[PDB]
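Here's the structure, in structure tokens; my notes come after.
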Amino acid sequence: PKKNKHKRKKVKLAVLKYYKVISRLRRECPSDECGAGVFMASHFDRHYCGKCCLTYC
Amino acid sequence: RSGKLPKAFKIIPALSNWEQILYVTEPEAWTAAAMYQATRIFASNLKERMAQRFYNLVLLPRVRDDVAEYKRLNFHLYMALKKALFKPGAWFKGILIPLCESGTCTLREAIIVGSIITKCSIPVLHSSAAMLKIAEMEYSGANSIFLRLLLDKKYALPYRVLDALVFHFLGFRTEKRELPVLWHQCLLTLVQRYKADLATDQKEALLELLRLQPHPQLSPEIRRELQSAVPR
Amino acid sequence: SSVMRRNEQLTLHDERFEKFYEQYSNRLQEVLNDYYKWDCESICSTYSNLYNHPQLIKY
Amino acid sequence: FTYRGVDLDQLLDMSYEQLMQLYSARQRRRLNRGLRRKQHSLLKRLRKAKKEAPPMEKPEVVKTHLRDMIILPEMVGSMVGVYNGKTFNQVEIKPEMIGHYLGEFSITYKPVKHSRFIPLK
RNA sequence: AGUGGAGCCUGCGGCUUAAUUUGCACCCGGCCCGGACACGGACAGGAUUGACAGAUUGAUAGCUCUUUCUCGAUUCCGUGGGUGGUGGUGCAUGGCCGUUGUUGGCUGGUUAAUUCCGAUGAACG
Ligand SMILES: [Zn+2]
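Encoded structure:
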């Protein structure tokens, strides 16, 4: 039952999925500190901002 | 003791009037794990300057009077100080240097935060700033420990920093007061790491320093390392 | 500062120190509402000593 | 089955406050002194276990350390596992179990299961 | 007068036990952390930090198990019979206590009450 430390999933080129060719494939955080680059996590039911932690469903 | 923190406590990094919020939270009455979590949230998602203000106001007097009380550092306090080290610039300008001109730093706090220095890799530019701002200030029994350990970091030393350090050693010409074996240990680490970056005038300068300030045990090592140094 | 200086051999970087010495809400109400039988010695009696004997050469 | 001349259906329909007189003095004093947060917590967990069960067979097993629950008629039919210090014992709450503590049904100790010289010369 | 007999309680042994701690110390489960030095690996194509929600769990929890958002050099992987340091421990060692007379000198609430809390010096031998 030894506690193994968590290891981050090193995904190849995490940046290369929010754009085309131009536009934003993910929407933008509408907050004050967040926007114009703070991209929106889109899980299968829900939406996440990684800085200010807004909960959008 | 344990369990999830309230979500009203994790919004203080984004909260404006932080001073009254922390004051009504009574900073002197915290426990160790709560302070560790506070340093975590104020060193992870926070900026530089108000995190530095946090380091000045709360963390430094608490660690100071705690090691005054118990002559050791608590486990959660050590983790909190490491998490404060996770942001380099705020920690240097908020914890290390304020304790440096505090003047009342003891040997135990110095060796504890020097061990904390040695346990993590720091940026070279912040280390050079630390060496400049510690060489510009007066000598005690505590700042030399950071001199010795941050020379033991063995980074690419800027040469203005070297001029400042040798200018401090110029500051020690004719004083009679017996500086300890740790002084010669700092000189030993300096001549062990940066003997290849010294010009000739530095060589005879430390030679006449050796003549004026002798040591029955480590000074032959200083003569050996000065005489066996490859010029830059 | 000082007066005895480099004089030779390739200063790499330019040693920025000017930032060190001279340095010295709907979500609020939202989270406010969110607030409220054998051993090693006995088994030796099991082993026999009468099966695989080498053939004996007599005198 | 009946308990003090009362059947289980209206026992579930009886109140919390006048069920108290049907029990013994220890249980009545405990019900006087209130139940704590873990008590209603495991009550909600066993209710959730009963709710998500298919209606033909018994629900899933809910396990706990908490040995000082009094078995109430709400819990009749539940699948409860109680820690006896080392392991969990899984037991079905019968209607006959209606007064006792849960900790009576997982014993924390094991039963104790425990040549003369004759002269030859 | 007893004890040694009987029932019950207790102490050492011994036996059972995960433990039946010992001349809360014990047991069963869950957290948290845990060197530098050297050399070889990964690292801006990205090292690594933080995290809502759901779950495992006896319970919750980015301290873990899912799904991605963000912090970016504040780095993290392996091998050493090489040291070791928030270690424990004695000696020499500098400062500092205590140790081997005499005469003076009220905003506030609160109670039976100059009640309670609360702000608020000198010489002589
Ligand atoms: Zn945002």
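Residue numbers (the UniProt record's numbering), protein chains in the order written: chain A, 88 to 108, 114 to 149; chain B, 196 to 427; chain C, 247 to 270, 291 to 302, 347 to 369; chain D, 15 to 128, 139 to 145.
The C-beta atom is built at its ideal place from N, Cα and C for all residues, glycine as well.
For residue i, the three-state DSSP class (helix, strand or coil)
i: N103(D); result: strand
i: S134(A); result: strand
i: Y301(C); result: helix
i: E120(A); result: strand
i: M93(D); result: strand
i: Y389(B); result: coil
i: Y123(D); result: coil
i: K77(D); result: strand
i: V425(B); result: coil
i: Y106(A); result: strand
i: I311(B); result: helix
i: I317(B); result: coil
i: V20(D); result: strand
i: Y115(D); result: strand
i: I367(C); result: coil
i: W378(B); result: helix
i: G48(D); result: coil
i: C300(B); result: coil
i: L36(D); result: helix
i: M70(D); result: coil
i: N292(C); result: helix
i: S322(B); result: helix
Endpoints, the alpha helix (DSSP H) within which residue i is located
i: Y231(B); result: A227 to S239
i: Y265(B); result: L255 to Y265
i: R251(C); result: Segment: none, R251(C) is in no alpha helix (DSSP H) and carries neither H nor E.
i: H271(B); result: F270 to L280
i: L60(D); result: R51 to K65
i: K398(B); result: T395 to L407
i: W286(B); result: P283 to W286
i: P293(B); result: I292 to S297
i: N338(B); result: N338 to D347
i: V356(B); result: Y354 to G366
i: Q247(B); result: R244 to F249
Exposure label - residue i; buried when at least 16 CB within 10 Å
i: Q365(C); result: exposed
i: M70(D); result: exposed
i: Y231(B); result: buried
i: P256(B); result: exposed
i: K265(C); result: exposed
i: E304(B); result: buried
i: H379(B); result: buried
i: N338(B); result: buried
i: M250(C); result: exposed
i: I112(D); result: buried
i: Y250(B); result: buried
i: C141(A); result: buried
i: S323(B); result: buried
i: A275(B); result: buried
For residue i, the nearest candidate out of the options (CA to CA)
i: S310(B); options: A229(B), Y231(B), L241(B) and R267(B); result: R267(B)
i: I307(B); options: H321(B), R248(B) and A263(B); result: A263(B)
i: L393(B); options: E254(C), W348(C), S248(C) and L258(C); result: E254(C)
i: residue 430(B); options: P426(B), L345(B), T384(B) and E214(B); result: Outside the displayed range of chain B (196 to 427) lies residue 430(B), so it cannot be described from this structure.
i: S297(B); options: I417(B), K282(B) and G336(B); result: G336(B)
i: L254(B); options: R244(B), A233(B) and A324(B); result: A233(B)
i: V90(D); options: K124(D), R81(D), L57(D) and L80(D); result: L57(D)
i: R259(B); options: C300(B), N240(B), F249(B) and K288(B); result: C300(B)
i: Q247(B); options: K278(B), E221(B), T226(B) and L272(B); result: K278(B)
i: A229(B); options: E370(B), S197(B) and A325(B); result: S197(B)
i: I329(B); options: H363(B), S211(B) and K349(B); result: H363(B)
i: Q41(D); options: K127(D), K145(D) and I85(D); result: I85(D)
i: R47(D); options: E31(D), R61(D), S55(D) and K62(D); result: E31(D)
i: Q387(B); options: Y273(B), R343(B), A224(B) and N269(B); result: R343(B)
i: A391(B); options: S323(B), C381(B), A227(B) and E420(B); result: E420(B)
i: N240(B); options: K398(B), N212(B) and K205(B); result: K205(B)
i: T226(B); options: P283(B), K199(B) and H271(B); result: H271(B)
Cross-strand partners of residue i (DSSP beta bridge)
i: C149(A); result: DSSP, once it has assigned bridges, lists no residue as partnering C149(A).
i: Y361(C); result: Bridge partners of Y361(C): none, in fact.
i: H139(A); result: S134(A) and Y148(A)
i: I216(B); result: Partner(s): none; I216(B) has no beta bridge.
i: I85(D); result: Bridge partners of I85(D): none, in fact.
Cβ-heavy atom distance, residue i to ligand 3, below 8 Å
i: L241(B); result: No copy of ligand 3 appears in this structure; the ligands present are ligand 1.
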